[PDB]
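The chain below stands alone and is given in structure tokens; this is the form deposited in one PDB entry.
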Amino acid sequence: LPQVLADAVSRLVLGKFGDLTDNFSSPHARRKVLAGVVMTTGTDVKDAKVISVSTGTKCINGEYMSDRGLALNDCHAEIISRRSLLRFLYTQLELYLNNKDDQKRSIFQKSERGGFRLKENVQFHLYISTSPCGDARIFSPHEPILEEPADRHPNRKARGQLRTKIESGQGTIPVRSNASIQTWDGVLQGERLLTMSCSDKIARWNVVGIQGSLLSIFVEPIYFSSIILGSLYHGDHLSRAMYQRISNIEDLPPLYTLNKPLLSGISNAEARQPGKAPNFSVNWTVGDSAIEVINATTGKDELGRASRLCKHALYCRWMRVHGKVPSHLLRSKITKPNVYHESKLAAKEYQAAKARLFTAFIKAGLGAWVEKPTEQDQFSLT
């Protein structure tokens, strides 16, 4: 049943969080927002496993961008929990590639289309302890009211619109049709760094998948099968934000779709957390022994070291896998020089999903996507 599934993953993610903070005692149990992914392999609750857990509510300061991929740009909890799912994807890949004995315990099989795909009946589920910023939270940032008045104004231009977190300022701000293009040059000088809101990033994952461009060179697209909120659930706002606002999307590459995961809140809504919001963010993937703590305003850990989630890390997980995947077993055969931005461009089909996405928002009056300065990915491991 759907409501039992919701409360299940709600409890799973909490319990896993506690084990890592010794029953929420640890100094790093302090949070404003919790998130996590959970994997199911069958309808039995005994078949459900927590893949990752995370906290955080802030984004990097403009002047700490890393031109060599060493800083985390966006530490909103659910953004972080996807990045930790990505590590688990790279692990289950190196797992399959050890020998035929190990490869049975991987979640991937070989795909009858090229590259790899998940085995049947393995699904991932996203838990956020609050509604994702922008289109799904902005208009009702509050615990839903027993006596409804749902919206009242579903046709205002502001409904659906793409929106950004904005450096050192409140709100998630719609994309202006005047102001456009961010530059490395500029934000160092003082132009406040725009980051696309979390309701937007999750709508994107509902089209291009949760795996990213780099992993799509090995894997077929993957989707969240449910999205569960621990508090501040609003069925119409959420359904609008996660997909319905772009039901005008067309021409997606094969195996891409507009995914419509199950949406649901939980029975016992989580409680507001009192205090100043922590400026740090913790992350944990299945297979790690402890949590990692990142200063969100620096996108680095307390001693200035890069995270296991940063672009440079993930490039390196990606290369190790690249080096043992037979050129024939690739999903793309495009060759690009070994720099982060360029390897991404080798995922031609993913890049065209992306393009249809950006177009669906634009044609629907909902604004044009805001990207980071191109310099941000023009780094190499060499």
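C-alpha atoms forming the largest set that superposes within 1.5 Å between two forms make up the rigid core. Start at 1 with the first residue shown and count on from there.
- Stretch comparison (230-238 versus 266-274) by mean CA B-factor in the PDB entry places 266-274 on top.
- Between 56-64 and 43-51, the higher mean Cα B-factor belongs to 43-51.
- Taking the PDB entry at face value, the top CA B factor among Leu86, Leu118, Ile217, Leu162 belongs to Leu118.
- In the PDB entry, the Cα temperature factor peaks, among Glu167, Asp185, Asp135, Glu148, at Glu148.
- Per-chain ranking of the deposited C-alpha B factor places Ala290 in the highest third.
- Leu329: CA B factor lies in the highest third for its chain, per the PDB record.
- In the PDB entry, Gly209 places in the lowest third of its chain by CA B-factor.
- Annotation for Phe124: CA B-factor lies in the highest third of the chain's modelled residues.
- When the modelled residues of the chain are ordered by C-alpha B-factor, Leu14 sits in the highest third.
Form deposited in another entry: not shown, discussed below.
- The one residue among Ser226, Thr91, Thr298, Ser140 whose Cα position changes by 2 Å or more between this form and the one not shown, with the core held fixed by superposition, is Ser140.
- The Cα position of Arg320 differs by less than 2 Å between this form and the one not shown after fitting on the rigid core.
- In the core-superposed comparison between this form and the one not shown, the C-alpha atom of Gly171 has shifted by at least 2 angstroms.
- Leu255: CA moves less than 2 Å between this form and the one not shown after rigid-core fitting.
- A shift of at least 3 angstroms pushes the Cα atoms of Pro274 and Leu20 further from each other in the other form than in the displayed structure.
- Compared with the form shown, the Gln170-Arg83 C-alpha separation decreases in the other form, the change being 3 Å or greater.
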